[PDB]
file data-v3.pdb (PDB, C-alpha atoms and all ligand atoms)
ATOM      1  CA  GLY A   1       3.042  22.859  19.751
ATOM      2  CA  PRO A   2       5.682  23.142  22.492
ATOM      3  CA  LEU A   3       9.456  23.129  22.070
ATOM      4  CA  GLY A   4      12.498  20.911  22.434
ATOM      5  CA  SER A   5      10.823  17.474  22.297
ATOM      6  CA  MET A   6      12.853  16.405  19.209
ATOM      7  CA  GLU A   7      16.280  17.402  20.618
ATOM      8  CA  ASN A   8      16.818  13.734  21.511
ATOM      9  CA  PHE A   9      16.913  12.884  17.791
ATOM     10  CA  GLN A  10      19.630  13.622  15.255
ATOM     11  CA  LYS A  11      18.499  13.538  11.645
ATOM     12  CA  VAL A  12      21.023  11.689   9.507
ATOM     13  CA  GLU A  13      19.379  11.843   6.076
ATOM     14  CA  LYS A  14      16.200  12.613   4.169
ATOM     15  CA  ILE A  15      14.994   9.292   2.732
ATOM     16  CA  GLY A  16      11.555   9.906   1.236
ATOM     17  CA  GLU A  17       8.464  12.028   1.034
ATOM     18  CA  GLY A  18       4.758  11.767   0.307
ATOM     19  CA  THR A  19       1.612  13.896   0.153
ATOM     20  CA  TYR A  20       1.550  14.887   3.821
ATOM     21  CA  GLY A  21       5.031  14.241   5.172
ATOM     22  CA  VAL A  22       8.789  14.077   4.719
ATOM     23  CA  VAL A  23      10.651  10.931   5.832
ATOM     24  CA  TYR A  24      14.037  10.992   7.578
ATOM     25  CA  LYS A  25      16.444   8.465   8.957
ATOM     26  CA  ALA A  26      17.452   9.550  12.446
ATOM     27  CA  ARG A  27      19.312   8.439  15.548
ATOM     28  CA  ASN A  28      18.287   8.777  19.176
ATOM     29  CA  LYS A  29      21.123  10.507  21.019
ATOM     30  CA  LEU A  30      20.111   8.870  24.314
ATOM     31  CA  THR A  31      19.511   5.267  23.240
ATOM     32  CA  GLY A  32      21.532   4.893  20.028
ATOM     33  CA  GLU A  33      18.399   3.625  18.266
ATOM     34  CA  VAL A  34      18.154   4.206  14.534
ATOM     35  CA  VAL A  35      14.644   5.216  13.539
ATOM     36  CA  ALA A  36      12.530   6.626  10.725
ATOM     37  CA  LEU A  37      10.703   9.926  11.255
ATOM     38  CA  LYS A  38       7.670  11.180   9.375
ATOM     39  CA  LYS A  39       7.535  14.987   9.632
ATOM     40  CA  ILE A  40       4.052  16.461   9.147
ATOM     41  CA  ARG A  41       3.808  20.252   8.967
ATOM     42  CA  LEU A  42       0.723  21.682  10.650
ATOM     43  CA  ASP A  43      -1.234  24.827   9.879
ATOM     44  CA  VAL A  49      -3.956  18.874  14.749
ATOM     45  CA  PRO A  50      -7.506  17.368  14.547
ATOM     46  CA  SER A  51      -8.427  15.413  17.673
ATOM     47  CA  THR A  52     -10.157  12.709  15.625
ATOM     48  CA  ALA A  53      -6.833  12.216  13.837
ATOM     49  CA  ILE A  54      -4.984  12.121  17.161
ATOM     50  CA  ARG A  55      -7.233   9.262  18.224
ATOM     51  CA  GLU A  56      -6.835   7.444  14.892
ATOM     52  CA  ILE A  57      -3.047   7.594  15.238
ATOM     53  CA  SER A  58      -3.291   6.462  18.861
ATOM     54  CA  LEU A  59      -5.229   3.382  17.761
ATOM     55  CA  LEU A  60      -2.633   2.637  15.072
ATOM     56  CA  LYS A  61       0.062   2.811  17.753
ATOM     57  CA  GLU A  62      -1.781  -0.090  19.440
ATOM     58  CA  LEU A  63      -1.979  -2.183  16.223
ATOM     59  CA  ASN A  64       1.236  -4.131  16.585
ATOM     60  CA  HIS A  65       1.859  -7.126  14.297
ATOM     61  CA  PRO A  66       5.127  -8.514  12.840
ATOM     62  CA  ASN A  67       4.061  -7.373   9.354
ATOM     63  CA  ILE A  68       3.181  -3.782  10.334
ATOM     64  CA  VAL A  69       5.971  -1.233  10.797
ATOM     65  CA  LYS A  70       6.015  -0.354  14.489
ATOM     66  CA  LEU A  71       4.945   3.168  15.401
ATOM     67  CA  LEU A  72       7.192   3.935  18.373
ATOM     68  CA  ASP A  73       6.281   7.468  19.394
ATOM     69  CA  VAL A  74       4.140  10.461  18.444
ATOM     70  CA  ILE A  75       5.767  13.851  19.118
ATOM     71  CA  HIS A  76       4.230  17.311  18.662
ATOM     72  CA  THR A  77       6.688  20.217  18.531
ATOM     73  CA  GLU A  78       6.439  23.718  17.002
ATOM     74  CA  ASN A  79       4.195  23.567  13.900
ATOM     75  CA  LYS A  80       5.039  19.893  13.328
ATOM     76  CA  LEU A  81       3.836  16.389  14.167
ATOM     77  CA  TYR A  82       6.579  13.742  14.164
ATOM     78  CA  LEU A  83       5.837  10.021  13.955
ATOM     79  CA  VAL A  84       8.749   7.840  15.090
ATOM     80  CA  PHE A  85       8.977   4.382  13.449
ATOM     81  CA  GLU A  86      11.178   1.331  13.609
ATOM     82  CA  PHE A  87      13.669   1.600  10.751
ATOM     83  CA  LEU A  88      13.800  -0.723   7.739
ATOM     84  CA  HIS A  89      16.487  -0.424   5.112
ATOM     85  CA  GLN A  90      14.645  -0.940   1.820
ATOM     86  CA  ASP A  91      11.194  -0.809   0.235
ATOM     87  CA  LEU A  92       9.671  -3.201  -2.255
ATOM     88  CA  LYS A  93       9.953  -0.730  -5.145
ATOM     89  CA  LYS A  94      13.738  -0.584  -4.835
ATOM     90  CA  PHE A  95      13.877  -4.373  -4.459
ATOM     91  CA  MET A  96      11.859  -4.939  -7.633
ATOM     92  CA  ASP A  97      14.034  -2.359  -9.386
ATOM     93  CA  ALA A  98      17.143  -4.279  -8.263
ATOM     94  CA  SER A  99      15.516  -7.542  -9.390
ATOM     95  CA  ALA A 100      14.264  -6.245 -12.744
ATOM     96  CA  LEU A 101      16.650  -8.317 -14.896
ATOM     97  CA  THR A 102      16.103 -11.603 -13.054
ATOM     98  CA  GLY A 103      12.736 -11.156 -11.395
ATOM     99  CA  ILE A 104      11.927 -12.028  -7.809
ATOM    100  CA  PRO A 105      11.906 -15.826  -7.305
ATOM    101  CA  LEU A 106       8.375 -17.173  -6.943
ATOM    102  CA  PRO A 107       9.043 -18.514  -3.392
ATOM    103  CA  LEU A 108       9.901 -15.005  -2.205
ATOM    104  CA  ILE A 109       6.957 -13.437  -4.057
ATOM    105  CA  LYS A 110       4.721 -16.004  -2.355
ATOM    106  CA  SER A 111       6.270 -15.350   1.070
ATOM    107  CA  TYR A 112       5.867 -11.582   0.729
ATOM    108  CA  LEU A 113       2.261 -11.916  -0.437
ATOM    109  CA  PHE A 114       1.474 -14.338   2.400
ATOM    110  CA  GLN A 115       3.020 -12.025   5.007
ATOM    111  CA  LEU A 116       1.187  -8.976   3.685
ATOM    112  CA  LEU A 117      -2.099 -10.892   3.773
ATOM    113  CA  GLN A 118      -1.309 -11.797   7.394
ATOM    114  CA  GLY A 119      -0.738  -8.140   8.278
ATOM    115  CA  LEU A 120      -3.911  -7.117   6.430
ATOM    116  CA  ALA A 121      -6.019  -9.902   7.971
ATOM    117  CA  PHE A 122      -4.809  -8.602  11.343
ATOM    118  CA  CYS A 123      -5.617  -4.929  10.568
ATOM    119  CA  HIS A 124      -8.920  -5.755   8.912
ATOM    120  CA  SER A 125     -10.039  -7.858  11.896
ATOM    121  CA  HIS A 126      -9.774  -4.618  13.903
ATOM    122  CA  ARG A 127     -11.731  -2.799  11.159
ATOM    123  CA  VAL A 128      -8.639  -0.758  10.233
ATOM    124  CA  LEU A 129      -8.050   0.036   6.546
ATOM    125  CA  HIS A 130      -4.682   0.852   5.062
ATOM    126  CA  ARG A 131      -6.223   2.817   2.111
ATOM    127  CA  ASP A 132      -2.901   3.659   0.409
ATOM    128  CA  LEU A 133      -1.150   0.373  -0.360
ATOM    129  CA  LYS A 134       1.677   0.706  -2.924
ATOM    130  CA  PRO A 135       5.117  -0.904  -3.330
ATOM    131  CA  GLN A 136       6.726   2.112  -1.679
ATOM    132  CA  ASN A 137       4.563   1.418   1.404
ATOM    133  CA  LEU A 138       6.087  -2.057   1.829
ATOM    134  CA  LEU A 139       9.358  -2.232   3.757
ATOM    135  CA  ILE A 140      11.691  -5.251   3.798
ATOM    136  CA  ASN A 141      14.587  -6.446   5.969
ATOM    137  CA  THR A 142      17.409  -8.967   5.564
ATOM    138  CA  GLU A 143      15.513 -11.711   7.427
ATOM    139  CA  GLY A 144      12.851 -12.007   4.722
ATOM    140  CA  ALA A 145      10.113 -10.012   6.450
ATOM    141  CA  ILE A 146       7.927  -7.453   4.684
ATOM    142  CA  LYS A 147       5.870  -4.855   6.563
ATOM    143  CA  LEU A 148       2.993  -2.425   5.972
ATOM    144  CA  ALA A 149       3.911   1.262   6.364
ATOM    145  CA  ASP A 150       2.304   4.709   6.220
ATOM    146  CA  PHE A 151      -1.349   3.827   6.750
ATOM    147  CA  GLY A 152      -3.809   6.375   5.395
ATOM    148  CA  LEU A 153      -6.283   7.966   7.774
ATOM    149  CA  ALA A 154     -10.031   8.337   7.298
ATOM    150  CA  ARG A 155      -9.500  12.112   7.177
ATOM    151  CA  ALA A 156      -6.112  13.463   6.197
ATOM    152  CA  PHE A 157      -4.427  16.450   7.788
ATOM    153  CA  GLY A 158      -1.225  18.365   7.373
ATOM    154  CA  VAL A 159       0.162  20.917   4.932
ATOM    155  CA  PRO A 160       0.759  19.146   1.594
ATOM    156  CA  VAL A 161       4.464  18.822   0.843
ATOM    157  CA  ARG A 162       5.164  21.187  -2.063
ATOM    158  CA  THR A 163       8.289  19.310  -3.175
ATOM    159  CA  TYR A 164       6.374  16.036  -3.679
ATOM    160  CA  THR A 165       5.400  15.513  -7.326
ATOM    161  CA  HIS A 166       4.555  11.779  -7.592
ATOM    162  CA  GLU A 167       0.933  11.681  -6.397
ATOM    163  CA  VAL A 168      -0.068  10.398  -9.863
ATOM    164  CA  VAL A 169       1.442   7.046  -8.867
ATOM    165  CA  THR A 170      -1.193   6.615  -6.142
ATOM    166  CA  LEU A 171      -3.852   6.137  -8.847
ATOM    167  CA  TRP A 172      -2.224   2.905  -9.998
ATOM    168  CA  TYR A 173      -3.321   0.925  -6.941
ATOM    169  CA  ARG A 174      -6.772   2.472  -6.398
ATOM    170  CA  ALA A 175      -9.760   0.139  -6.296
ATOM    171  CA  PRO A 176     -12.543   0.704  -8.860
ATOM    172  CA  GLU A 177     -15.174   1.466  -6.217
ATOM    173  CA  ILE A 178     -13.008   4.372  -5.037
ATOM    174  CA  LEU A 179     -12.642   5.637  -8.617
ATOM    175  CA  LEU A 180     -16.410   5.286  -9.087
ATOM    176  CA  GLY A 181     -17.178   7.518  -6.093
ATOM    177  CA  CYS A 182     -17.847   5.153  -3.188
ATOM    178  CA  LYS A 183     -17.690   7.256  -0.033
ATOM    179  CA  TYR A 184     -17.570   4.544   2.660
ATOM    180  CA  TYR A 185     -15.326   1.952   1.135
ATOM    181  CA  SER A 186     -14.162  -1.195   2.870
ATOM    182  CA  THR A 187     -11.153  -3.377   3.623
ATOM    183  CA  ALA A 188     -11.662  -4.697   0.082
ATOM    184  CA  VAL A 189      -9.782  -1.682  -1.292
ATOM    185  CA  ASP A 190      -6.636  -3.050   0.366
ATOM    186  CA  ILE A 191      -7.041  -6.466  -1.268
ATOM    187  CA  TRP A 192      -7.323  -4.751  -4.664
ATOM    188  CA  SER A 193      -4.111  -2.779  -4.095
ATOM    189  CA  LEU A 194      -2.254  -5.882  -2.970
ATOM    190  CA  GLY A 195      -3.504  -7.737  -6.033
ATOM    191  CA  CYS A 196      -2.013  -5.026  -8.243
ATOM    192  CA  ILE A 197       1.259  -5.304  -6.315
ATOM    193  CA  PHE A 198       1.250  -9.118  -6.695
ATOM    194  CA  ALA A 199       0.898  -8.797 -10.471
ATOM    195  CA  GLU A 200       3.696  -6.205 -10.460
ATOM    196  CA  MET A 201       6.072  -8.498  -8.553
ATOM    197  CA  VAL A 202       5.381 -11.300 -11.059
ATOM    198  CA  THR A 203       5.604  -9.351 -14.334
ATOM    199  CA  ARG A 204       8.111  -6.619 -13.288
ATOM    200  CA  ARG A 205       5.697  -4.013 -14.668
ATOM    201  CA  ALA A 206       2.886  -2.043 -13.057
ATOM    202  CA  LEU A 207      -0.503  -3.572 -13.849
ATOM    203  CA  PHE A 208      -2.647  -0.434 -14.277
ATOM    204  CA  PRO A 209      -0.383   2.644 -14.553
ATOM    205  CA  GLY A 210      -3.019   5.313 -15.139
ATOM    206  CA  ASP A 211      -2.327   9.023 -15.103
ATOM    207  CA  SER A 212      -5.815  10.389 -14.413
ATOM    208  CA  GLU A 213      -8.857   8.967 -12.675
ATOM    209  CA  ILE A 214     -10.560   8.243 -15.998
ATOM    210  CA  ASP A 215      -7.427   6.749 -17.566
ATOM    211  CA  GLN A 216      -7.048   4.593 -14.460
ATOM    212  CA  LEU A 217     -10.620   3.356 -14.769
ATOM    213  CA  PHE A 218     -10.314   2.746 -18.491
ATOM    214  CA  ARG A 219      -7.093   0.780 -18.043
ATOM    215  CA  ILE A 220      -8.902  -1.483 -15.566
ATOM    216  CA  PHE A 221     -11.872  -1.791 -17.956
ATOM    217  CA  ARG A 222      -9.714  -2.712 -20.954
ATOM    218  CA  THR A 223      -8.178  -5.601 -19.015
ATOM    219  CA  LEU A 224     -11.033  -6.884 -16.817
ATOM    220  CA  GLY A 225     -13.972  -5.806 -19.013
ATOM    221  CA  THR A 226     -16.239  -2.814 -18.528
ATOM    222  CA  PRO A 227     -18.230  -3.681 -15.381
ATOM    223  CA  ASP A 228     -22.021  -3.956 -15.589
ATOM    224  CA  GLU A 229     -24.903  -5.255 -13.501
ATOM    225  CA  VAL A 230     -24.067  -8.849 -14.501
ATOM    226  CA  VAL A 231     -20.730  -8.931 -12.677
ATOM    227  CA  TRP A 232     -21.226  -6.035 -10.218
ATOM    228  CA  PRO A 233     -24.817  -5.500  -9.037
ATOM    229  CA  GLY A 234     -25.407  -1.827  -8.348
ATOM    230  CA  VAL A 235     -22.335  -0.572 -10.261
ATOM    231  CA  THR A 236     -24.448   1.401 -12.726
ATOM    232  CA  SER A 237     -25.864   3.462  -9.839
ATOM    233  CA  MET A 238     -22.514   4.459  -8.333
ATOM    234  CA  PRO A 239     -21.925   8.220  -8.105
ATOM    235  CA  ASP A 240     -19.345   8.507 -10.885
ATOM    236  CA  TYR A 241     -20.621   5.703 -13.120
ATOM    237  CA  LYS A 242     -21.530   6.944 -16.604
ATOM    238  CA  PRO A 243     -23.676   4.907 -19.037
ATOM    239  CA  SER A 244     -21.422   6.353 -21.744
ATOM    240  CA  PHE A 245     -18.344   4.384 -20.593
ATOM    241  CA  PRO A 246     -16.925   2.434 -23.560
ATOM    242  CA  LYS A 247     -17.855  -1.253 -23.412
ATOM    243  CA  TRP A 248     -14.659  -3.336 -23.494
ATOM    244  CA  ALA A 249     -14.598  -7.135 -23.314
ATOM    245  CA  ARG A 250     -12.487  -8.822 -20.641
ATOM    246  CA  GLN A 251      -9.003 -10.189 -21.372
ATOM    247  CA  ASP A 252      -7.658 -13.514 -20.084
ATOM    248  CA  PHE A 253      -5.506 -13.608 -16.955
ATOM    249  CA  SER A 254      -3.052 -15.871 -18.783
ATOM    250  CA  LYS A 255      -2.187 -12.826 -20.889
ATOM    251  CA  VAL A 256      -2.082 -10.536 -17.843
ATOM    252  CA  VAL A 257       0.433 -12.211 -15.504
ATOM    253  CA  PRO A 258       2.447 -14.806 -17.459
ATOM    254  CA  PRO A 259       4.105 -17.054 -16.471
ATOM    255  CA  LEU A 260       2.322 -17.258 -13.071
ATOM    256  CA  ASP A 261       0.841 -20.668 -12.314
ATOM    257  CA  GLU A 262      -2.889 -21.369 -12.113
ATOM    258  CA  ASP A 263      -2.950 -21.281  -8.311
ATOM    259  CA  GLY A 264      -1.483 -17.779  -8.344
ATOM    260  CA  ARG A 265      -3.665 -16.617 -11.235
ATOM    261  CA  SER A 266      -6.756 -17.984  -9.492
ATOM    262  CA  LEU A 267      -5.914 -16.061  -6.329
ATOM    263  CA  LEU A 268      -5.068 -12.884  -8.229
ATOM    264  CA  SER A 269      -8.386 -13.036 -10.085
ATOM    265  CA  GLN A 270     -10.246 -13.216  -6.763
ATOM    266  CA  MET A 271      -8.257 -10.241  -5.413
ATOM    267  CA  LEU A 272      -9.231  -8.252  -8.529
ATOM    268  CA  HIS A 273     -12.972  -8.984  -8.498
ATOM    269  CA  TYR A 274     -14.947  -5.853  -9.362
ATOM    270  CA  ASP A 275     -17.624  -6.302  -6.715
ATOM    271  CA  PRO A 276     -16.170  -5.524  -3.254
ATOM    272  CA  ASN A 277     -18.636  -8.131  -1.940
ATOM    273  CA  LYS A 278     -17.215 -10.959  -4.044
ATOM    274  CA  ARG A 279     -13.596  -9.787  -3.672
ATOM    275  CA  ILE A 280     -11.675 -12.269  -1.542
ATOM    276  CA  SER A 281     -10.907 -11.249   2.045
ATOM    277  CA  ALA A 282      -7.378 -11.307   3.448
ATOM    278  CA  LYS A 283      -8.350 -14.233   5.693
ATOM    279  CA  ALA A 284      -9.870 -16.316   2.886
ATOM    280  CA  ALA A 285      -6.838 -15.530   0.730
ATOM    281  CA  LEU A 286      -4.535 -16.980   3.408
ATOM    282  CA  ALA A 287      -6.409 -20.311   3.005
ATOM    283  CA  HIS A 288      -5.973 -20.308  -0.794
ATOM    284  CA  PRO A 289      -4.178 -23.354  -2.271
ATOM    285  CA  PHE A 290      -1.436 -21.025  -3.608
ATOM    286  CA  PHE A 291      -0.055 -20.985  -0.064
ATOM    287  CA  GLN A 292       0.014 -24.756   0.496
ATOM    288  CA  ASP A 293       3.799 -24.700  -0.031
ATOM    289  CA  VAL A 294       4.708 -21.270   1.372
ATOM    290  CA  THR A 295       8.196 -20.868   2.861
ATOM    291  CA  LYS A 296      10.254 -17.901   4.096
ATOM    292  CA  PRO A 297      13.251 -17.309   1.818
ATOM    293  CA  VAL A 298      15.641 -14.479   2.495
ATOM    294  CA  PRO A 299      16.288 -11.794  -0.135
ATOM    295  CA  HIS A 300      19.765 -10.867  -1.275
ATOM    296  CA  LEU A 301      19.723  -7.232  -0.143
ATOM    297  CA  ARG A 302      22.543  -4.835  -0.981
ATOM    298  CA  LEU A 303      22.404  -2.070   1.634
TER
HETATM  299  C1  LIG A 401      15.774   4.092  -2.340
HETATM  300  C2  LIG A 401      14.938   4.048  -1.068
HETATM  301  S1  LIG A 401      15.189   2.615  -0.122
HETATM  302  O1  LIG A 401      14.379   1.579  -0.683
HETATM  303  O2  LIG A 401      16.572   2.419   0.054
HETATM  304  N1  LIG A 401      14.604   2.872   1.309
HETATM  305  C3  LIG A 401      15.366   3.623   2.334
HETATM  306  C4  LIG A 401      14.924   3.304   3.719
HETATM  307  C5  LIG A 401      13.457   3.658   3.922
HETATM  308  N2  LIG A 401      12.927   3.317   5.200
HETATM  309  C6  LIG A 401      11.855   3.972   5.679
HETATM  310  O3  LIG A 401      11.345   4.913   5.010
HETATM  311  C7  LIG A 401      11.217   3.592   6.935
HETATM  312  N3  LIG A 401      11.815   2.733   7.807
HETATM  313  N4  LIG A 401      10.916   2.562   8.824
HETATM  314  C8  LIG A 401       9.744   3.299   8.608
HETATM  315  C9  LIG A 401       9.932   3.963   7.384
HETATM  316  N5  LIG A 401       9.091   4.804   6.672
HETATM  317  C10 LIG A 401       7.756   5.072   6.876
HETATM  318  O4  LIG A 401       7.148   4.576   7.804
HETATM  319  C11 LIG A 401       7.072   5.973   5.945
HETATM  320  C12 LIG A 401       6.470   7.136   6.356
HETATM  321  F1  LIG A 401       6.484   7.409   7.658
HETATM  322  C13 LIG A 401       5.850   8.007   5.436
HETATM  323  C14 LIG A 401       5.842   7.684   4.074
HETATM  324  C15 LIG A 401       6.465   6.533   3.586
HETATM  325  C16 LIG A 401       6.451   6.155   2.139
HETATM  326  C17 LIG A 401       5.005   5.818   1.728
HETATM  327  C18 LIG A 401       4.802   5.539   0.261
HETATM  328  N6  LIG A 401       5.281   6.676  -0.517
HETATM  329  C19 LIG A 401       4.433   7.546  -1.158
HETATM  330  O5  LIG A 401       3.228   7.318  -1.099
HETATM  331  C20 LIG A 401       4.932   8.734  -1.973
HETATM  332  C21 LIG A 401       5.290   8.227  -3.379
HETATM  333  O6  LIG A 401       6.255   8.499  -4.069
HETATM  334  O7  LIG A 401       4.366   7.335  -3.869
HETATM  335  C22 LIG A 401       4.646   6.692  -5.112
HETATM  336  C23 LIG A 401       6.714   6.777  -0.407
HETATM  337  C24 LIG A 401       7.035   7.158   1.086
HETATM  338  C25 LIG A 401       7.034   5.726   4.564
HETATM  339  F2  LIG A 401       7.616   4.609   4.136
HETATM  340  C26 LIG A 401      12.696   2.880   2.847
HETATM  341  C27 LIG A 401      13.176   3.158   1.442
END
call {"tool": "encode", "arguments": {"input": "data-v3.pdb", "output": "structure tokens", "more": "lines below"}}
Ligand SMILES: CCS(=O)(=O)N1CCC(NC(=O)c2n[nH]cc2NC(=O)c2c(F)ccc(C3CCN(C(=O)CC(=O)OC)CC3)c2F)CC1
result
Amino acid sequence: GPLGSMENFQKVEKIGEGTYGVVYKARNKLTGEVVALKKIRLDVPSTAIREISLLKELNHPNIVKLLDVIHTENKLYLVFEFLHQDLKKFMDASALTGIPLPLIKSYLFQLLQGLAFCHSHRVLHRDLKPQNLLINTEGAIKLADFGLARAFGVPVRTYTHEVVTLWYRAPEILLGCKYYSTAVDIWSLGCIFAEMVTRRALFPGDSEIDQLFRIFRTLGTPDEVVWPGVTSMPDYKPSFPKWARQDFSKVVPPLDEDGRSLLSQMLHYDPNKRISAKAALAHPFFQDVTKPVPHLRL
């Protein structure tokens, strides 16, 4: 890659990292804009260039705006609108009190709007976690750091938290589905919904098999009765232990029956019965949705 394209930006602090990139807060010297940068070290793929170009076109109020794509030296920089906090820090700050139900409902509604938008363009997020959800003082929440169909970049050696990505993975992914669907995003968001309500991760596995078994112990070991074709999936084993399902009233107390009903549809095993983002927006849980503002300490 050529030189000098990033001289317009002044990095002000390192604010995060992930499998394939380091995140900075930065300022444009020309415009004064404050921005987030994702720095990807390269060893390029044109298919990935086109995927990122399409994401730059996918603009919605509940998707973090991708402002620019800049290649320089052995690096790819993605330039994003800046948001001051992510949902993980907000739940951590709210751990003693919990997030008020109206704000949980607003955040879930907004994220379903962003996903219904993406999914209508046949775009998957693939990597939805609390740290991918950015919030501002006005009460908005936004989807960030979409995963691509094929990754690229030199893995960041200083990043040690990839185990946390298991927690939000859909069972069809864990069972070896190669061409999974927008339903994986609904699963992840369901896990995040339960986490907002209970102030505890729903399925905090630490290996692919522990992740599957944690799902099975709560929702029951899946079989042909509830998921036709599951026993033929590439990583399905007849030797899986057979656990009975638990009740959702144990799983996310004290959530009301509207919320529990919606959560149960977001956590259906079969990606063909799992509720879509659009159908979820019509769920009776949202009959009284409002837009509260969070108390953010920046
Ligand atoms: C105390 C902190 S904070 O809450 O004060 N606050 C400080 C401000 C900060 N703002 C921004 O970052 C930001 N603003 N506009 C756009 C932004 N970022 C991104 O687009 C972006 C990105 F380009 C790449 C990766 C990530 C995330 C994805 C999820 N992650 C992982 O998968 C790795 C991991 O550990 O998984 C468990 C964590 C990193 C991004 F968000 C949020 C957190």
call {"tool": "closest_atom_pairs", "arguments": {"input": "data-v3.pdb", "of": "segment 112-171 of chain A", "to": "segment 75-91 of chain A", "cutoff": "10 Å", "atoms": "only C-alpha atoms", "output": "JSON lines"}}
result
{"residue": "A:135", "atom": "CA", "partner": "A:91", "partner_atom": "CA", "distance": 7.0}
{"residue": "A:136", "atom": "CA", "partner": "A:91", "partner_atom": "CA", "distance": 5.7}
{"residue": "A:137", "atom": "CA", "partner": "A:91", "partner_atom": "CA", "distance": 7.1}
{"residue": "A:138", "atom": "CA", "partner": "A:91", "partner_atom": "CA", "distance": 5.5}
{"residue": "A:139", "atom": "CA", "partner": "A:91", "partner_atom": "CA", "distance": 4.2}
{"residue": "A:140", "atom": "CA", "partner": "A:90", "partner_atom": "CA", "distance": 5.6}
{"residue": "A:141", "atom": "CA", "partner": "A:88", "partner_atom": "CA", "distance": 6.0}
{"residue": "A:142", "atom": "CA", "partner": "A:89", "partner_atom": "CA", "distance": 8.6}
{"residue": "A:146", "atom": "CA", "partner": "A:91", "partner_atom": "CA", "distance": 8.6}
{"residue": "A:147", "atom": "CA", "partner": "A:88", "partner_atom": "CA", "distance": 9.0}
{"residue": "A:149", "atom": "CA", "partner": "A:85", "partner_atom": "CA", "distance": 9.3}
{"residue": "A:150", "atom": "CA", "partner": "A:85", "partner_atom": "CA", "distance": 9.8}
{"residue": "A:158", "atom": "CA", "partner": "A:81", "partner_atom": "CA", "distance": 8.7}
{"residue": "A:159", "atom": "CA", "partner": "A:80", "partner_atom": "CA", "distance": 9.8}
call {"tool": "resolve_selection", "arguments": {"input": "data-v3.pdb", "expression": "the PyMOL selection byres (((chain A and resi 104-111) around 8) and not hetatm)", "output": "list in words"}}
result
residues 96, 99, 100, 102, 103, 112, 113, 114, 115, 198, 201, 202, 291, 294, 295, 296, 297, 298 and 299 of chain A
call {"tool": "residues_around", "arguments": {"input": "data-v3.pdb", "residues": "residue 241 of chain A", "least_positions_apart": "5", "cutoff": "8 Å", "atoms": "only C-alpha atoms", "output": "list in words"}}
result
residues 180, 235 and 236 of chain A
call {"tool": "residues_around", "arguments": {"input": "data-v3.pdb", "residues": "residue 19 of chain A", "least_positions_apart": "2", "cutoff": "9 Å", "atoms": "all atoms listed in the file", "output": "list in words"}}
result
residues 17, 21, 22, 158, 159, 160, 161, 162, 164, 165, 166 and 167 of chain A
call {"tool": "residues_around", "arguments": {"input": "data-v3.pdb", "residues": "residue 50 of chain A", "least_positions_apart": "2", "cutoff": "10 Å", "atoms": "all atoms listed in the file", "output": "list in words"}}
result
residues 52, 53, 54, 55, 56, 155, 156, 157 and 158 of chain A
call {"tool": "residues_around", "arguments": {"input": "data-v3.pdb", "residues": "segment 276-283 of chain A", "least_positions_apart": "3", "cutoff": "7 Å", "atoms": "only C-alpha atoms", "output": "list in words"}}
result
residues 117, 120, 121, 188, 191, 270, 271, 272, 273, 286 and 287 of chain A
call {"tool": "resolve_selection", "arguments": {"input": "data-v3.pdb", "expression": "the PyMOL selection byres (((chain A and resi 63-68) around 8) and not hetatm)", "output": "ChimeraX atom specification"}}
result
/A:59-62,69-70,115-116,118-119,122-123,145-149
call {"tool": "atom_distance", "arguments": {"input": "data-v3.pdb", "atom1": "atom CA of residue 127 of chain A", "atom2": "atom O5 of ligand LIG 401 (chain A)"}}
result
21.8 Å
call {"tool": "atom_distance", "arguments": {"input": "data-v3.pdb", "atom1": "atom CA of residue 25 of chain A", "atom2": "atom CA of residue 206 of chain A"}}
result
27.9 Å
call {"tool": "atom_distance", "arguments": {"input": "data-v3.pdb", "atom1": "atom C4 of ligand LIG 401 (chain A)", "atom2": "atom CA of residue 36 of chain A"}}
result
8.1 Å
call {"tool": "closest_residue", "arguments": {"input": "data-v3.pdb", "among": "A:243, A:18, A:4, A:176", "to": "ligand LIG 401 (chain A)", "atoms": "only C-alpha atoms and all ligand atoms"}}
result
A:18
call {"tool": "closest_residue", "arguments": {"input": "data-v3.pdb", "among": "A:12, A:240, A:20, A:293", "to": "residue 40 of chain A", "atoms": "all atoms listed in the file"}}
result
A:20
call {"tool": "axis_aligned_box", "arguments": {"input": "data-v3.pdb", "around": "ligand LIG 401 (chain A)", "padding_each_side": "8 Å", "output": "lines of an AutoDock Vina configuration file"}}
result
center_x = 9.9
center_y = 5.2
center_z = 1.9
size_x = 29.3
size_y = 23.2
size_z = 29.9
